[PDB]
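Heads up, the thing below is written out as C-alpha cells.
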Amino acid sequence: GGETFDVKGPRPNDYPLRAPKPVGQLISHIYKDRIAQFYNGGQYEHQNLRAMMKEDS
Amino acid sequence: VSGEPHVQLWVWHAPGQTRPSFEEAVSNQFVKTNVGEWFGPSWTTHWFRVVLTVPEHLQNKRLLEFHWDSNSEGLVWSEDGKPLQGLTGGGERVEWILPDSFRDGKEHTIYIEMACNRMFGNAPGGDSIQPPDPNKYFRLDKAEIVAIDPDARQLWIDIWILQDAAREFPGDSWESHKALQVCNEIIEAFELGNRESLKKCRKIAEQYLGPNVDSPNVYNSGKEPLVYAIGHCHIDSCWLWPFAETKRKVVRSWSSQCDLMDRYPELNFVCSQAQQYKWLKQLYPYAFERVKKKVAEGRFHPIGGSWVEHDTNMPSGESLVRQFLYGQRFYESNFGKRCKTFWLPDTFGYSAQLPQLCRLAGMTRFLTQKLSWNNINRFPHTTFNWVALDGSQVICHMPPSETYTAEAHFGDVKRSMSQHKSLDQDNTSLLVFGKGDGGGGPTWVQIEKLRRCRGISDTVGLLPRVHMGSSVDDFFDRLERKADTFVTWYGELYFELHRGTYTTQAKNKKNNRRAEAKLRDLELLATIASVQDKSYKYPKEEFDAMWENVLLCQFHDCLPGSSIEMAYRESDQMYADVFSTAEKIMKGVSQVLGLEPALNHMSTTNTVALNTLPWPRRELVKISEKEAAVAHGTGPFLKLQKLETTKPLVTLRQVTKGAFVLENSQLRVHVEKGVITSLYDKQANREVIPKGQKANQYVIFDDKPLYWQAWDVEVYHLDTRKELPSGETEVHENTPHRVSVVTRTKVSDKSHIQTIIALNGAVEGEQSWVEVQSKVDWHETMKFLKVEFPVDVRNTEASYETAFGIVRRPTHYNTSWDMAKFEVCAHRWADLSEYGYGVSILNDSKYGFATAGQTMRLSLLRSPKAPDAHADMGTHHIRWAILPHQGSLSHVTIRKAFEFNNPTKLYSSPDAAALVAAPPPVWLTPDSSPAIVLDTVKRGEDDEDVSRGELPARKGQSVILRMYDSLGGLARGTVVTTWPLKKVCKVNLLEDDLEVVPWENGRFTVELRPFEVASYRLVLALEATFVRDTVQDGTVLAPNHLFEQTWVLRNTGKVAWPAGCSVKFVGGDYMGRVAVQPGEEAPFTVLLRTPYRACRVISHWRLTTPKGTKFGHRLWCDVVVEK
Amino acid sequence: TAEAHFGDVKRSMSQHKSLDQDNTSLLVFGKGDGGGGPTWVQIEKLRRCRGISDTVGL
Amino acid sequence: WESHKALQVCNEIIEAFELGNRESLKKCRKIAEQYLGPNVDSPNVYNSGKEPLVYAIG
Amino acid sequence: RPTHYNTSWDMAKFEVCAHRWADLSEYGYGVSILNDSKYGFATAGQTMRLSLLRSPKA
Amino acid sequence: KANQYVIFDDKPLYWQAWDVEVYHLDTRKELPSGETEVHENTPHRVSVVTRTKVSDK
Ligand SMILES: [Zn+2]
C-alpha cells in the first residue's frame, strides 16, 4: 500500500510483450446506425428486443 | 523605482564570443552603465553587477520584484555564485522576486549574465529560421524594482480565463452566458483609483471560478480528472544556436523551473536528454545538486531514457541501442531509478523497430506529438498500441492538444478533449505545457491559468477536469491497465513532413555512418584484444567519449541537417575528435592484436585483411596497385590468394567512339555518354534496364519548399524533373581485374559532376555489383540533385533497410496515404524485387530514397538556404552500387550492403600465418540460417576492469553479442566461440540477465523470432513513512463494491505535521464516490468504489498539508475486480 | 406536445434564447391537439434522461 | 467523450443479448446501469438533490 | 493485402475474396489455407479465418 | 488452437444477403463441443472424426 524501502511500488502490470491481435478503430457512423436495429420494427422484428417484449399472448 | 540611487548597474563585456564562468567573470573590471544602452554583437555575453537598495517606502509592499528586460536571455546569479533564475526579454520572464532579505536599505548585489541572443537565435527579426545576423544589438529596456499588487495579478488571471471561457464555450449552452455575465459584473465593479475594488472583483469572480482558486487546494477536490498537466521544457541541443548556448539554456531554464516548484507546490516537471543532465553536472554543480534534490523529492521527473532526443530514422540500430544504454545508465547511476517512458515529442519520424528496442530497454511507454504536423493525412489515433516489426508493443499517447509547448490556454484544455481521436477506448489525455524549442519551462502565468481552469471545471462542469499534481508515470500506468482494448498500429509511424531532412548536410550524415561503422569495428577488435591479452586494458574512457559525441551529434536537429553554420562547425569538430580518438584506439589495438602496423610494398604472404563482418567473406583486394588479390576467410583476419589466370573484366569500345561495354563474368554494362543504357545479367539471362530508358541518370528538381527550407521537400517538386545530358564518356582504368569509365556532367555554370562507373572481377559464387562514385562540385541554389535507376521489375512494394530489419513501402501513389510517401528513408540498401529476381541500389552515405513504379531514385544533394546559407556548397564524394540478384530479397543483399559500407583494409604482420589460421573468436556455423547478423561484439559494461565505477560491477570478464535476423523469418543458428566459456545468458539492452541458455563446447544455439534483436552475455572463465493498511495489494472485490482504504503513517521526522494533513489522490485509476508528534502514528481513511469492469485498478495517494504541499512516501490502493 | 425525446431535453437548453438572464426552462410534454396526455413511454424516457444527467453530466 | 461512452455501452449491451435467454435482459440492464445510473427504473432518480434546469410537466 | 487494420483503408478490408488459396508467409516459411468451395477469407495478424456459412433471410 | 469453429452474429444494416459489417467481428464465440474418435486407420491414410454442436438443430 506504500513504499517501505523494500518495495519501490506496486506489483508490476501484466502488459504483454507481444500484441496478440490487431484491433482497429471502430467506424463511428456504422456503429451508430447499428443501434437502432436492436429495437426497430424492421426486418429484425423476430431477432431483436421486439421478439422478447411479449412473453405470451 | 529605476534611478541610479536605487538600482545601480555595472557591466563587463566578455572578450570575444567566449562564455566565461562565474569564477572568472566577477574578478574583472566593471564599468558603470544605465538603462538604454545597446550591448554587444550577437552571441556575445555581458555580465552585469546590479546593486539594489529597496527604498524606505517599498520595504512593506508584500511583493517586490526586479524587472529586467534586456531584450535577450539572461541568468541571475547570487553574490556567492549560485544560479537563481532565467530571464527572457520578450516580456515572458522578466521578473525576479526579491528573496525577502533585501527588505532593508543594505544595497544587496546580484549578477546578471546576459547572452546577446533571443529565445530562438539571432535571425533578422520576423522569421527566426533565416540565417543569424552577426551584428544584432540588444537594448536594455527596463531594470527597475517593482512593487506589484498580488490582488491585481490574481484578478488579471481570473478575468483572462473568464474571457476565454466566454469565447470558447459553446454559444448555445448556459456556461458561456454565465461567464459573460460574471465578466460584466466584474467590469462594472472595478474603479481605477480604489484598491478594495480589486478584492471585490475577485470575490465576484469566485462565483464562477470557485472559493479559493488562488491556492493549490483546488486540486484536492477529489473529483475525476480527465486531463493531466505536466510541465515541460524542450531545449533543442543545437537548433538555431551553438552547443555552448545550449549548455547555458539548460541551466537558465531548470533554475527557473526549480524556483517555480519552490513557489507552487503542485507543479511537476519532466525533462529528457540525459546529455543535458551531464552538461549541467559538469559545468554548474550547484544547479545539478538542486535538480537532484528536486528529483528525490518526487517532483522534476527525468524521463526519456535516451542520451539525446535523437532522430530515429537515420541512425543505425546500434546507435539506437547506445542511446538507450547510455541514457538509462546515466539515469540509474545519478538518480536512483530508471526511466520507463520513452519521451520523443519532436522527432521527425519513428523507425518501425523502435517499440522492440523500447521493450528491450525496460520502457513500455512512448509519447510524441510530432505526427500532428502531418499536412496530408491526419494521423487517426491519440492513444494506441504501437507494434514493432517483431510484434513487441508499446503504449503510444499523442497529446490531443497538438503541441508540447501548450500555452495552458483555456482553448488548450478544451482541445485536449475536443481533438481526442481515441475517445472510444479512453478519455484521459496529457496536456504538456511550457515553452519549448530552446525556451524556458512553464511560467507562473500558465500555472495560475491551470488553477483557474480546474476551478471552472469544478464549479460549472463543462471543461474537462485538469489535474496537476500527478506524473507521467501515473497517467501511463492508468492507461496500461486497459491497453488490451486499444487500437494497434503496425509498422513505422511515417512523418509526412521534413522529408528533405534525409539529405540536407550530407557531410554530417556521411560522418555519422562512418563513425558508426568505425565504432563497431573498433569495439569488436578491442573485445578480441582484451580477451586474448590480459595486460591490454579495454579503453572504456575513450569509447565512452566517442560514443557520447556521436550520440550527441545524432540529435534530432544536428543529424537531420537543419541547423545554423556554427552548430555544424562544432559538430565537425566533434567528429574530428571522434575519428582522432578512434585512430588512437586502433593503433593501440593493432599493437596488441598480433601486429598490424601499416601497408608497404605488398607481399601477399605477410599481409592480412581486416574483416569485421560476421560471415565468411571472399572479395577482391587492391594490393600492389598494378595487381590485385582475393581476400577470403571467415575470421577477423583473411588471407590473400594472388590470382593470375585468363583476364576477367574486359572493356571494349564500340565503333560509336563513345559507348563502352564493361563485361564481367556475371554482368554486361553498356555505358553511353554517362548513363548505363543497358545492364544484362549473364546468370539470369535477362535485361535489367527497360528498353529505351537509361539507368544512373542524373536529374535535378527545383526544391523551394513552403516554409521550412532545410527541412521540407514538397510533393510538387516532382513536377520539375530535368535530366542532365552533358556526359561524354572515356576510359579511366583498364586493369585485367577492374575496368572503369569516367564521365563529366555539367549541372550548370559553376556546378558540375564527374562520375566513375566501375566493374570488379567476379568471384566464385558471389554476386558482383556495378559501382558508381561521383565527385560533385555543388554550388546550386534551391536545387535538388538525384540519380535515377529504372530497373524493369514490376512490383507494388519496395523493401528498404531500417534499424534492425526491413520496412516495406508502396510504389504507386494509390491513396493519399501512399502519395505522402513520395520520399522515404533507407539506410544502406533499397530493393525492388519480383518473384525470382530483384535489383538493390545500395549506398554508403545517402538516406533519401524514392521508388515510384519501376524507377528507383536516390536523393543525392540539396541546397537550402534558410538556417544555413552555405548548406552543402563544396565538393562531395558519393558512392552507390547497383546489385542485380537472383531470387527474391535474401541474405545476399544484406551481406552485400554491409560489405559495401565496410571495405576491407590491409595490414602487414610479422607472422601472417598463425593469425590467419587461428579459428575466429566468435562465429556462426555455416549451416545456421544466413538471415542472422551478428551485428556487434562488445565487452560488458560492468566487468571489474571496464566498470569505471559508475554502477556496481560484476566479477569476471563478459562479452555481449547482439545478433538480429535481418530478413523477417524464424532464424536458427549455432554460435561457436573459442573463448573458454563459463556461462551464457540472454540479456536485454541494458545487460540484465533474463534466462540461462545451454551450451555444449562453446556452441550454444540461438532461435530468433522474426525481426528480433536478442542479446547474449557470455561470461568467460516534513517526513512520513508507511506502516500498514487494511486491504492488502491484489485483493479481490465485487464489481461495484463500496469499501474504504485505511493507511497508517508514522512521522519519523524532526518537524511536526500541521493540523489537516490529509491524503489527496495525485494518482491514476480514480475510485472515488464513497497534529502528530514526531513519535506516534496516524491512521488515514479514504472511501472508494470499484469501477464498472473486471480489471486491476491502481490509485496513487499522497499525504498533503492543508495548504497544498505534498510530502511523505507514496501510497496506493491495489485491487482486482472479480465480476 | 414534446415527445420527451432526448433531443427535446437537449434543445430545452440549446435553443434557449434568454440564457443571459436565466437558464431554467419548462419542458411541456404530452400529445396535444385533441390527443391524450403523456404516455408511460415519455415518463420512462424522462427518468432515463435524468439518470444520464446525474451520471454523465452533459 | 459522452457520445463515445454511450456508443460503447450500446455495443456492450448488443453483444450481451441473446434471443432465447431471458436472464440476458437483466444482464443488459445491469450493463446499461453504468451509463444511466443504479436505479433509473424508479422515481427515486428525481431525489438526487442536484440542481435541475429543465422542469417537465405533463 | 494488409493484415493490420492500420488505417480505415485497411480496416475496410476485414473480409476479402480469395479463389483457391490464401497464403501467410514469412521469409523462409509459410502456411497456405487452400479450399475448394469457399471464397470469403480474412487474415488479421497471424490468424487466418475462412468464411464457411451465412444464414441471411431478406 | 487451429481449425477452430467460431460463430458470429451477422445482422447487417439493410442488405441482409449482401452485407456483413465490421462490427460483426466483436461477437466472436468458439464452439467447444468436440469429442474426437478414430474414423479411418489404413496404413496409407489416417483420419479422426469429431462432432461439434453449433446449437439445437
Ligand atoms: Zn526540437
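Chains as they are written, first to last, in the deposited numbering: chain A, 2 to 58; chain B, 59 to 1079, 1122 to 1174, 1197 to 1245; chain C, 463 to 520; chain D, 232 to 289; chain E, 867 to 924; chain F, 752 to 808. Where a beta carbon is used, it is the ideal one built from N, C-alpha and C, also for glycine.
Spatial distance of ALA970(B) from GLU702(B) (CA atoms): 21 Å
If contact is defined by three or more beta carbon pairs under 8 Å, each pair taking one atom from either stretch, is the stretch 921-938 of chain B in contact with the stretch 562-576 of chain B? yes
Whole-angstrom C-beta distance between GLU1008(B) and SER391(B), which should lie under 8 Å: 4 Å
Alpha carbons only, please: which of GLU721(B), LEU843(B), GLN755(B) and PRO192(B) is nearest the one belonging to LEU817(B)? Residue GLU721(B) is the option with its Cα nearest to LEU817(B).
May I ask you to list, following chain order, the residues of the stretch 465-493 of chain B that have a beta carbon less than 8 Å from some beta carbon of chain D? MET475, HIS478, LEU481, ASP482 and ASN485
Quick check: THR546(B) and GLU600(B), are their CB atoms within less than 8 Å of each other? no
Leaving aside the five residues before and after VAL471(B) along the sequence, list all residues of the same chain whose C-beta is less than 7 Å from its C-beta, in chain order. In chain order, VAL285, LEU489, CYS511, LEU521, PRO522 and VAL524 place their CB closer than 7 Å to the CB of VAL471(B), counting only its own chain and leaving out the 5 sequence neighbours on each side.
Give me the Cβ distance between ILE681(B) and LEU964(B), rounded to the nearest whole Å; I'm assuming they're in contact under 8 Å. The Cβ separation is near 6 Å, so the contact holds.
Less than 8 Å between CB atoms is the rule here; does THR913(E) satisfy it with respect to chain A? Taking Cβ atoms only, chain A reaches closer than 8 Å to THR913(E), which makes this a yes.
Below 8 Å between beta carbons: does that hold for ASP317(B) and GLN66(B)? no
For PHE39(A), decide whether its Cβ has a neighbour in chain D, counting only Cβ atoms nearer than 8 Å. Closer than 8 Å to some Cβ of chain D, the Cβ of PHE39(A) qualifies, so yes.
Counting beta carbon pairs with one atom in the stretch 134-150 of chain B and one in the stretch 300-312 of chain B, are three or more of them shorter than 8 Å? yes
Do you know offhand how far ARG920(E)'s Cα is from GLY1172(B)'s? 47 Å
Measuring CA to CA, which of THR873(E), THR869(E), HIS885(E) and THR913(E) is closest to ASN901(E)? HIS885(E)
Let me know if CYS241(B) comes out buried or exposed under the rule of 16 or more other beta-carbons within 10 Å of its beta-carbon. buried
Cβ pair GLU788(F), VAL800(F) closer than 8 Å: yes
Quick one: grab the DSSP three-state call for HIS125(B). strand
Contact check, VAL1241(B) vs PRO1205(B) under 8 Å by CB: the rounded distance? Incorrect: roughly 19 Å between the Cβ atoms, too far for contact.
Residues in the same chain with beta-carbon distance under 6 Å from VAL518(B), minus the five sequence neighbours each way, listed in chain order, please. Within the same chain, Cβ atoms closer than 6 Å to the Cβ of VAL518(B) are found at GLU233, the five residues on either side in sequence being excluded.
Between the stretch 430-441 of chain B and chain A, which residues of the former have a C-beta closer than 8 Å to a C-beta of the latter? For chain A, the residues of the stretch 430-441 of chain B that bring a beta carbon within less than 8 Å of one of its beta carbons are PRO438 and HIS439, in chain order.
Using Cβ-Cβ distances below 9 Å, what residues of the stretch 6-27 of chain A are close to chain E? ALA20, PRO21, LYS22, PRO23, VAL24, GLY25, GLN26 and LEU27
For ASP516(C), the first and last residue of its enclosing alpha helix (DSSP H): 502-517
What is the C-beta distance between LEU27(A) and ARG417(B), in whole angstroms, given that I count them as a contact (C-beta under 8 Å)? About 27 Å separates the two Cβ atoms, so there is no contact after all.
Across which residues does DSSP place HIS455(B) in a beta bridge pair? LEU425(B) and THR441(B)
Can residue 1194(B) be considered in contact with ligand 1, in the sense that its beta carbon sits closer than 7 Å to one or more heavy atoms? Residue numbering in chain B breaks between 1174 and 1197, and residue 1194(B) falls inside that break, so it has no position here.
Where do the ends of the alpha helix (DSSP H) carrying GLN265(D) lie? Run containing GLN265(D): 254-267, per the alpha helix (DSSP H) assignment.
Secondary structure of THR703(B), DSSP reduced to three states: coil
Hey, could you find the ends of the beta strand (DSSP E) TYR169(B) is sitting in? 166-173
Near-chain H residues of the stretch 530-557 of chain B - C-beta to any C-beta below 9 Å: You won't find chain H in this structure, because its protein chains are A, B, C, D, E and F.
Which residues DSSP lists as bridging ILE758(B), in chain order: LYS780(B) and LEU843(B)
For a contact meaning CB atoms closer than 7 Å, what does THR873(E) contact in chain B? In chain order: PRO438 and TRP875.
With distances taken from CA atoms, which of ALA354(B), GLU367(B), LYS305(B) and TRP365(B) is nearest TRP337(B)? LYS305(B)
Output the distance between the C-alpha atoms of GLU324(B) and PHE358(B), rounded to the nearest integer angstrom. Cα to Cα, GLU324(B) sits roughly 11 Å from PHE358(B).
Under the assumption that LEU668(B) contacts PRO706(B) (Cβ atoms under 8 Å), give the Cβ distance between them as a whole number of angstroms. About 25 Å; that fails the 8 Å criterion.
Distance check for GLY494(B) and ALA210(B), CA to CA, integer angstroms please. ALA210(B) and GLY494(B) have their C-alpha atoms spaced approximately 28 Å apart.
Are the beta-carbon atoms belonging to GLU654(B) and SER1024(B) less than 8 Å from one another? no
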